[PDB]
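**Q** Dropping the structure in here first, questions after.
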Amino acid sequence: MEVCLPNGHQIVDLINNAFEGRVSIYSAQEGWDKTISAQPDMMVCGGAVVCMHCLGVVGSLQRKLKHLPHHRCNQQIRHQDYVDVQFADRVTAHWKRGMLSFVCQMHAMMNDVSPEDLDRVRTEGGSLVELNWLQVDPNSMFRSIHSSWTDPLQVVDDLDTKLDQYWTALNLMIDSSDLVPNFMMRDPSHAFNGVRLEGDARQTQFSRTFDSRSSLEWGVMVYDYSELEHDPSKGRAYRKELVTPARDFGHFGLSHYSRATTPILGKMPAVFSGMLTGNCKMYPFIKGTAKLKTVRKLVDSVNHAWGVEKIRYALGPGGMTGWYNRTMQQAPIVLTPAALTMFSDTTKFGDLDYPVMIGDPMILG
């Protein structure tokens, strides 16, 4: 056996899928499965098949593998060296299911509207549908304390498909109706920095990162649209005229800005792409530079494990360190789903007029 070490691009690729929850991993206990936890042995990286315990190039795409033959290994790789990545993706699975079930609940509630009250609100405004956040999946690590990352996951299929269906249907029903909920955002940059806080919101802090060093179990933070409904000088007419995100995005069938909500799960506000690209997609804002910070200990370890020739020949000039820094330059763009630039920049009802606090979810006009 003559194992080798891969190249930068595929590493970035693996980094991305880590925040994409789409990596194919093998584990004889689970084989392909990842619903439950167990140590890994081989993983894919930008199209390559790698050992997880000598981290050598053991294959690629055009040929699948089924089991590990006796190969030339080093067995110097530890769990904490990589626990971070499957850690983050287990987080991904959690949070994706959470936002998913959220959407399911929301469209289900929407799936109950009758025309009479409908027209009454259209003529009047006010609340239409309200939801209790306490009853929203306590089992989630965003909602339970005895739970953990390692907890085996829940099985669903074509989550993307159903997601898009329901985001589509729901926001279209709103579009026809032109309502305004207190849990949506036009510039989520404000969320972790750029918002006004009030009430127990004075007590929330920010890590901006996947970190077991922060509790993500938490309530859900929304606007204060109560007085908004109360405001007669900005009444039903005005309410339609300025606050409807058609002002901020136009038709939901005219998607050219990305659509974000408040920090729903674990203080995380996610955004939606535009279907006029073919389809819409949810994404939690994650800084690529953080993902860079992850690989640092690995740089060290490999410095310690392997020779200068290989790194000049595997991660090239400046070694993987020069790779680190040049990629560190490249980051703000090479790490960018397009929605990361689909932002809106004019709110026509103001936002620092309304604080954010943990209350019961709802949509009003």
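Ligands are numbered from 1 in the order shown, residues from 1 within each chain, and chains are lettered A, B, ... in the order they appear in the structure tokens.
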Quick one: everything within 12 Å of residue 325 in chain A, counting only C-alpha atoms, minus sequence neighbours fewer than 5 positions away in the same chain. Send it as JSON, numbers by chain.
**A** {"A": [8, 289, 292, 293, 295, 296, 299, 317, 318, 319, 320, 330, 331]}
**Q** With N, CA, C and O atoms kept, could you save the residues just selected as a compact mmCIF listing (two decimals), in the first residue's frame?
**A**
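Heads up, here's the output in again-v4.txt:
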# COMPACT_ATOMS: atom_id res chain seq x y z
N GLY A 8 -6.17 20.77 -1.55
CA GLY A 8 -6.96 21.76 -0.86
C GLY A 8 -8.43 21.86 -1.22
O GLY A 8 -9.30 21.89 -0.34
N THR A 289 -15.16 31.87 7.90
CA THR A 289 -13.93 32.01 8.67
C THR A 289 -13.94 31.12 9.90
O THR A 289 -12.91 30.54 10.26
N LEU A 292 -13.03 27.85 8.91
CA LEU A 292 -11.58 27.85 8.77
C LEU A 292 -10.92 27.57 10.11
O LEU A 292 -10.00 26.75 10.20
N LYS A 293 -11.36 28.27 11.15
CA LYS A 293 -10.77 28.09 12.48
C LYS A 293 -10.72 26.62 12.87
O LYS A 293 -9.82 26.22 13.62
N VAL A 295 -9.92 23.93 11.15
CA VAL A 295 -8.89 23.09 10.57
C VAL A 295 -7.53 23.36 11.17
O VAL A 295 -6.55 22.69 10.83
N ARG A 296 -7.44 24.32 12.10
CA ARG A 296 -6.13 24.74 12.59
C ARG A 296 -5.42 23.61 13.32
O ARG A 296 -4.29 23.27 12.99
N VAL A 299 -4.01 21.27 10.95
CA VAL A 299 -2.74 21.75 10.40
C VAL A 299 -1.60 21.32 11.30
O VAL A 299 -0.59 20.76 10.85
N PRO A 317 2.95 24.67 -1.84
CA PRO A 317 3.78 25.77 -1.35
C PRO A 317 3.21 26.37 -0.07
O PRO A 317 2.01 26.25 0.21
N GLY A 318 4.08 27.01 0.71
CA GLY A 318 3.70 27.44 2.04
C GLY A 318 3.09 26.35 2.87
O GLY A 318 2.49 26.63 3.92
N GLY A 319 3.22 25.10 2.43
CA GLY A 319 2.52 23.98 2.97
C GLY A 319 1.03 24.23 3.05
O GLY A 319 0.47 25.15 2.44
N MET A 320 0.38 23.38 3.83
CA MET A 320 -1.01 23.63 4.16
C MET A 320 -1.16 24.92 4.94
O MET A 320 -2.26 25.45 5.02
N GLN A 330 -9.26 33.98 0.38
CA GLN A 330 -10.33 33.66 -0.56
C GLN A 330 -11.70 33.58 0.08
O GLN A 330 -12.71 33.79 -0.60
N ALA A 331 -11.76 33.29 1.37
CA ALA A 331 -12.95 32.91 2.12
C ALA A 331 -14.22 33.65 1.75
O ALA A 331 -15.18 33.01 1.31
**Q** Excluding residue 248 in chain A and residues on its chain fewer than 6 positions from it, collect all residues at most 7 Å away from it, counting only C-alpha atoms, and give them as a list in words.
**A**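 Final neighbour list, sorted by chain and number: residues 344, 346 and 347 of chain A.
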**Q** Those residues with N, CA, C and O atoms, as an mmCIF file, in the first residue's frame please?
**A**
data_model
loop_
_atom_site.group_PDB
_atom_site.id
_atom_site.type_symbol
_atom_site.label_atom_id
_atom_site.label_comp_id
_atom_site.auth_asym_id
_atom_site.auth_seq_id
_atom_site.Cartn_x
_atom_site.Cartn_y
_atom_site.Cartn_z
ATOM 1 N N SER A 344 -31.984 42.408 1.402
ATOM 2 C CA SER A 344 -32.697 43.657 1.200
ATOM 3 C C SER A 344 -32.158 44.724 2.147
ATOM 4 O O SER A 344 -31.603 44.421 3.206
ATOM 5 N N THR A 346 -33.952 48.102 2.744
ATOM 6 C CA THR A 346 -34.890 49.171 3.072
ATOM 7 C C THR A 346 -36.104 48.570 3.758
ATOM 8 O O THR A 346 -36.854 47.803 3.147
ATOM 9 N N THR A 347 -36.299 48.927 5.024
ATOM 10 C CA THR A 347 -37.474 48.519 5.784
ATOM 11 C C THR A 347 -38.407 49.715 5.829
ATOM 12 O O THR A 347 -38.001 50.809 6.232
#
**Q** Give the answer as one residue: which of A:230, A:143, A:348, A:22 has the shortest atom-to-atom distance to residue 98 in chain A, using only C-alpha atoms?
**A**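 Result for the nearest residue to residue 98 in chain A: A:143.
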**Q** At most 12 Å is the cut-off: for each residue in range 289-346 of chain A with any atom that close to an atom of range 270-284 of chain A, write down the nearest atom pair and the distance in Å rounded to one decimal, counting only C-alpha atoms, chain first then increasing number, as CSV.
**A**
residue,atom,partner,partner_atom,distance
A:336,CA,A:283,CA,11.3
A:337,CA,A:283,CA,9.0
A:338,CA,A:273,CA,8.1
A:339,CA,A:273,CA,5.5
A:340,CA,A:271,CA,8.9
A:341,CA,A:273,CA,10.1
A:342,CA,A:273,CA,7.7
A:343,CA,A:271,CA,9.5
A:344,CA,A:271,CA,11.6
**Q** Need to verify the contact set: residue 112 in chain A, 12 Å, only C-alpha atoms, exclusion of same-chain residues closer than 5 positions in sequence. Can you return it as a VMD selection string?
**A** chain A and resid 105 to 107 117 to 118 128 to 129 170 173
**Q** Report the distance between CA of residue 13 in chain A and CA of residue 85 in chain A in Å, rounded to one decimal place.
**A**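 Between CA of residue 13 in chain A and CA of residue 85 in chain A the gap works out to 12.8 Å.
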**Q** Calculated over only C-alpha atoms, which of the candidates A:114, A:171, A:233, A:182 has the smallest distance to residue 130 in chain A?
**A**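 Looking at the shortest contact to residue 130 in chain A, the residue is A:182.
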**Q** Using only C-alpha atoms, pick whichever of A:158, A:211, A:351, A:198 has the shortest atom-to-atom distance to residue 294 in chain A.
**A**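 Closest residue, counting only C-alpha atoms: A:211.
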**Q** Taking the chain letters and numbering used in this document, name the residues of range 170-231 of chain A that DSSP puts in strand (DSSP E), as number ranges by chain.
**A** A: 180-181, 184-185, 221-222
**Q** Hey, which of A:359, A:307, A:138, A:188 ends up closest to residue 286 in chain A? Count only C-alpha atoms.
**A** A:188
**Q** Set the distance at 10 Å and use only C-alpha atoms: which residues neighbour residue 239 in chain A once local chain neighbours fewer than 6 positions away are removed? I'd like the list as a PyMOL selection string.
**A** chain A and resi 125-126+178-180+228-229+231-233+349+365
**Q** Excluding same-chain residues fewer than 3 positions from residue 58 in chain A, what lies within 9 Å of it counting only C-alpha atoms, as an mmCIF file with N, CA, C and O atoms, in the first residue's frame?
**A**
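The resulting file, part.cif, is shown below:
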data_model
loop_
_atom_site.group_PDB
_atom_site.id
_atom_site.type_symbol
_atom_site.label_atom_id
_atom_site.label_comp_id
_atom_site.auth_asym_id
_atom_site.auth_seq_id
_atom_site.Cartn_x
_atom_site.Cartn_y
_atom_site.Cartn_z
ATOM 1 N N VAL A 3 -0.072 5.066 0.505
ATOM 2 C CA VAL A 3 -1.129 6.041 0.743
ATOM 3 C C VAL A 3 -0.583 7.429 0.450
ATOM 4 O O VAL A 3 0.633 7.649 0.462
ATOM 5 N N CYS A 4 -1.474 8.370 0.163
ATOM 6 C CA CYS A 4 -1.058 9.727 -0.137
ATOM 7 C C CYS A 4 -2.039 10.690 0.503
ATOM 8 O O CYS A 4 -3.018 10.291 1.137
ATOM 9 N N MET A 42 -13.791 5.696 7.339
ATOM 10 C CA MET A 42 -13.509 6.194 6.008
ATOM 11 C C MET A 42 -14.567 7.222 5.658
ATOM 12 O O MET A 42 -15.733 7.090 6.042
ATOM 13 N N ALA A 48 -13.039 12.184 -3.063
ATOM 14 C CA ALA A 48 -12.035 11.185 -2.735
ATOM 15 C C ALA A 48 -12.483 10.330 -1.559
ATOM 16 O O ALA A 48 -13.285 10.757 -0.729
ATOM 17 N N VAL A 49 -11.944 9.120 -1.488
ATOM 18 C CA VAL A 49 -12.257 8.164 -0.438
ATOM 19 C C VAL A 49 -11.018 8.048 0.433
ATOM 20 O O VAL A 49 -9.946 7.673 -0.056
ATOM 21 N N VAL A 50 -11.162 8.360 1.719
ATOM 22 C CA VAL A 50 -10.043 8.510 2.636
ATOM 23 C C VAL A 50 -10.273 7.632 3.852
ATOM 24 O O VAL A 50 -11.409 7.474 4.313
ATOM 25 N N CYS A 51 -9.189 7.072 4.375
ATOM 26 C CA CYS A 51 -9.209 6.463 5.694
ATOM 27 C C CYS A 51 -9.377 7.545 6.744
ATOM 28 O O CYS A 51 -8.876 8.658 6.581
ATOM 29 N N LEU A 55 -5.749 8.664 7.266
ATOM 30 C CA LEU A 55 -6.111 9.825 6.458
ATOM 31 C C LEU A 55 -5.378 9.821 5.121
ATOM 32 O O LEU A 55 -5.015 10.868 4.582
ATOM 33 N N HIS A 71 -4.499 -2.257 4.794
ATOM 34 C CA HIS A 71 -3.762 -1.224 4.090
ATOM 35 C C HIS A 71 -2.673 -0.676 4.999
ATOM 36 O O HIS A 71 -2.542 -1.068 6.158
#
**Q** Which value, in Å to one decimal, gives the distance between CA of residue 363 in chain A and CA of residue 190 in chain A?
**A**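 CA of residue 363 in chain A sits 21.2 Å away from CA of residue 190 in chain A.
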**Q** For residue 197 in chain A, which residue among A:268, A:242, A:88, A:357 is the nearest when counting only C-alpha atoms?
**A**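 Among the listed residues, the smallest separation from residue 197 in chain A belongs to A:357.
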**Q** Which of these residues is nearest to residue 227 in chain A, using only C-alpha atoms: A:38, A:134, A:201, A:364?
**A**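 Ranking A:38, A:134, A:201, A:364 by distance to residue 227 in chain A, first place goes to A:364.
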**Q** Would you mind listing what lies within 9 Å of residue 37 in chain A as a compact mmCIF listing (two decimals) with N, CA, C and O atoms, in the first residue's frame, with only C-alpha atoms counted and same-chain residues fewer than 3 positions away left out?
**A**
# COMPACT_ATOMS: atom_id res chain seq x y z
N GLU A 30 -23.05 1.00 11.41
CA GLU A 30 -24.11 1.60 10.64
C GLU A 30 -23.91 1.46 9.14
O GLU A 30 -24.80 1.85 8.38
N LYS A 34 -26.12 7.11 9.43
CA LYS A 34 -25.54 8.09 10.35
C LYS A 34 -26.55 8.52 11.40
O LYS A 34 -26.25 9.40 12.21
N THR A 150 -25.29 13.41 20.45
CA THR A 150 -25.19 11.99 20.15
C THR A 150 -26.53 11.30 20.03
O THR A 150 -26.59 10.16 19.56
N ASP A 151 -27.61 11.94 20.45
CA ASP A 151 -28.91 11.30 20.45
C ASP A 151 -29.27 10.87 19.03
O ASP A 151 -29.14 11.66 18.10
N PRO A 152 -29.68 9.62 18.83
CA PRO A 152 -29.99 9.14 17.48
C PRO A 152 -31.07 9.98 16.83
O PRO A 152 -31.97 10.50 17.50
**Q** Using DSSP on the backbone coordinates, identify the residues of range 26-156 of chain A assigned to alpha helix (DSSP H); present them as a PyMOL selection string.
**A** chain A and resi 79-110+115-124
